Each structure stands twice: as structure tokens, then as C-alpha cells.
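Everything below concerns the one structure shown next.
A short reminder: the numbers here are calculations on the coordinates, not readings from a lab. Cβ atoms come from the backbone with ideal geometry, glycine included; neighbour counts cover every protein chain shown.
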């Protein structure tokens, strides 16, 4: 049976995993974590549960350098509810790392977010509209953001979002890892992945 | 850049050090991390003990010594390469309770049978001899989840009877295949198409 120690995670992260009660990796975690740690793009068909979240949160947190005071990874979700669920898991998993997590879902005085970004932020969890606004204003600087997670990609690429995911991803460095998770794969998703991703590892 | 940077146990790291391999060669840097994730691998590489180490290191890392069953197999075209490779595996695994067996021409089948009655974790084979032992039911492959084909172009060239093609159907259908070859003629790419799954390509 595959163990979390089999991935060679930092001890601080391992303690957060153990202390959250995750003794052994779930199927989607075992399927994805090892490849995700290599840096290869990831294309995963997954339903909108929460084992999905651990599957991408663990590798995202592992490769963040907390001594580097810059945004190094970003998770994009379609809703506030999902942003809060994902943020809770990241905060829990990174309990023993000095990792600064920022959540924004808009609906607030933009100065709340500007205030936070003037400080140290390692990991951004966001709905796409507000964080794109912060990127276009130059408040969220993306030079070091080498990892992007798109969670519920079919929703994020729907008509609702009016093409802003394409504007968002164009701010990221060209050398970067994209992890895409989605329940369905219509033309919006497949055309996006062909344009922006590089020979991703596919996961059923 | 360093062997320590890959996810390898201290026991194997010691065997790599005592072999005198200071840092991974470029084929090793490019291979080891992906190999450890379980992905099929397609690697263009010319001959050397560096490509040998590129597949021997992750193969050894993933063997569970407490499981007394064949867990990986390496196929090479000559007895002499099998002997060189098994010796490297024994040296790399000096600090691990790992049992390595060679199955090639030049040994009595009665000897192979008696050895396979004991514990064998890793087989280094030429194709004809191991296929014979698998057919006889003596080399039991239920747990052999990793197969390496070294110098595939030579393995698949004169295989007019389809030995390799028949051999691979004795392995678990859920399996990792690592293929290394200097050239990629029709026989090699046809094998890849038929038996491998979306392999990670290395040049």
C-alpha cells in the first residue's frame, strides 16, 4: 500500500497531513501526487468532491519555498464556497510551515486585498474575476507563480466567465505547471488545454 | 542535480554512493524522477552503465523486499549484458535484502528452477530463457509490475518468432514499461503502439 512518506514530502507538510487524520493517500492522491511533484502538467477528470482538493493541495504546498516572499502558486475555483473549502485544507496542511495563504472571492473593498498583497503571500486561492483585477492593477505580481491549479475547469471556461480565464493565465510565466481538474471536458476545456498546457499527464 | 534530490531510500542512496556514482548523468537526471512515478517511459539512449543506472535505481527503489515474489524484470539482448546488469543491481542493493537472479543461456534449467523455488525479487533476463521459464509455470509473474526493455531495437529486430511480443502478455496488464533504445525502427515503434500506454518521452 502506497504511503504518504513514499512521496518524500517535507516533514512539516507530512505532520500536517498526519495531524489532519489522513493516514494513507486516497485513489486520486495516489494517482496524481507523484507526477505532480515532477512538475509535469496534469489533466484530471474528477468529480466535485474533496479528495480532489487534497490531491492538488499537497503537491502545491510541497513545492512552495516559504523563505521566498512572493506568490508561488495559485488555485482558481469558480465559487466562494469552493474557495473557502480549498483554503481550509491548505491552511490545515500547512499548519507547520510558515506559509501565507490568501483567499479572495471579491465582493469586498478592493483595499482589503491590496493590503494583504503588500505583505507576504505564498499561495493565492481565488475566484478568477477578482484576482485578474488584482493582476491587471499590478498588485498581485505573478513573476514567481510557477504553479496554477484550475479546479472545475468546465465551469471556469463556461459562458458565465466571459473568457476571463484566458486573460488570467496570460499573466503567468511561460515556464509553469498547470494542473487542470474537471468533471466534464467539452470543447471549451479541450481547446483551452491544447492552447495553454504542455503534454499533460492524463488521469481518469 | 543530486541523487539525494530524487525520492530514494537511504539504503539505496548508500549503494549508489559506494558504487562511486557522484551525481546523476543527464539520462539519469531525466529518467529517475519520472520512472519513480510509475509512468511508461520511452527513452532514446546509447549504450552505457549510465542508462543502466537510470533504470536500475528506480527499479530497485520500488521493490518491496518483504514481498517474496518477482516484482520487476529487466530484459537485455545478451548473456554478457545480463551479467553486467545483475552485478550492478546487486552492488546498488548491497544494503537491501533484495534477491537478484539472472535467467539467460549458459545455465542449466534445473538450476534456474531451484533458484526460482526460493525468493527472487528481480529478474535480469534474455528473452528466450525467461519466456521458457514463464511458460513452464516456474517464474511466477503476478507481482511483476515493472518491465525494462534495454536496447529494444536489438531485442525487437531479430525477434521473428515474436518472443518479446509473447513474453509481455505474461506480465500483469496493469504494469509499467520502461523502454531504452539507440534507434527507433518500425519494430520498436510498433511494439510501443501495441503494448505501452502514453509513455513519457526522453531524448
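Could you tell me whether region B:63-84 includes any residue that is within 14 Å of another protein chain (Cβ to nearest Cβ), assigned to a helix (DSSP H, G or I) and buried (at least 21 other Cβ atoms within 10 Å of the Cβ)? Don't jump to the end; show me each part of the working.
As a first pass, look at region B:63-84 and keep what is within 14 Å of another protein chain (Cβ to nearest Cβ): B:63-64, B:66-67.
Then drop every residue that is not assigned to a helix (DSSP H, G or I), which leaves none.
No: zero hits.
Would you be able to say whether some residue in region B:17-30 is assigned to a loop (DSSP other than H, G, I, E, B), surrounded by fewer than 21 Cβ atoms within 10 Å (Cβ to Cβ), in contact (Cβ under 8 Å) with a residue 40 or more places away in the chain and in contact with a strand residue (DSSP E or B) (Cβ under 6 Å, 6 or more places away or on another chain)? Let's see the steps before the verdict.
So in region B:17-30, the residues assigned to a loop (DSSP other than H, G, I, E, B) come out as B:19-25.
Pick out the ones that are also surrounded by fewer than 21 Cβ atoms within 10 Å (Cβ to Cβ) and you get B:19-23, B:25.
Imposing the further condition that a residue be in contact (Cβ under 8 Å) with a residue 40 or more places away in the chain reduces the set to B:19.
Remaining after also requiring in contact with a strand residue (DSSP E or B) (Cβ under 6 Å, 6 or more places away or on another chain): none.
No; the residues of region B:17-30 include none that is assigned to a loop (DSSP other than H, G, I, E, B), surrounded by fewer than 21 Cβ atoms within 10 Å (Cβ to Cβ), in contact (Cβ under 8 Å) with a residue 40 or more places away in the chain and in contact with a strand residue (DSSP E or B) (Cβ under 6 Å, 6 or more places away or on another chain).
Would you check which residues across region A:1-16 are part of a helix (DSSP H, G or I) and exposed (fewer than 15 other Cβ atoms within 10 Å of the Cβ) and list them? Can you show your working first?
So the first thing to find is which residues in region A:1-16 are part of a helix (DSSP H, G or I), and the list is A:4-7, A:11-16.
Listed by number, the residues that qualify are A:5, A:11.
Residue check: is residue A:3 out of contact with any helix residue (DSSP H, G or I) (no Cβ under 9 Å at 6 or more places or on another chain) and within 14 Å of chain B (Cβ to nearest Cβ)?
Values: out of contact with any helix residue (DSSP H, G or I) (no Cβ under 9 Å at 6 or more places or on another chain): yes; within 14 Å of chain B (Cβ to nearest Cβ): yes.
Considered against the rule, which asks whether it is out of contact with any helix residue (DSSP H, G or I) (no Cβ under 9 Å at 6 or more places or on another chain) and within 14 Å of chain B (Cβ to nearest Cβ), residue A:3 comes out as yes.
Looking only at residues that are away from chain A (no Cβ under 14 Å), in a helix (DSSP H, G or I) and touching a residue at least 60 places away in the same chain (Cβ under 8 Å) in region B:31-56, which one is nearest to residue A:2 (Cα to Cα)? If you could, list the steps in order and put the result at the bottom.
Initial filter on region B:31-56 (away from chain A (no Cβ under 14 Å)): B:43-56.
In the following step, the residues that additionally are in a helix (DSSP H, G or I) were identified as B:49-56.
Next, from what is left, pick out any that are touching a residue at least 60 places away in the same chain (Cβ under 8 Å): B:51-52, B:54-55.
Values: B:51: 27, B:52: 26, B:54: 23, B:55: 21 Å.
Checking each candidate, the answer is B:55.
Does residue A:174 fit the bill of being under 21 Å from residue A:89 (Cβ atoms) and over 14 Å from the mean Cα position of the chain (by Cα)? Show your work before the answer.
Numbers: under 21 Å from residue A:89 (Cβ atoms): no; over 14 Å from the mean Cα position of the chain (by Cα): yes.
When the stated conditions are applied, residue A:174 does not pass them.
Exactly one condition in (1) more than 14 Å from chain B (Cβ to nearest Cβ); (2) buried (at least 20 other Cβ atoms within 10 Å of the Cβ) is false for residue A:59; which is it?
(1)
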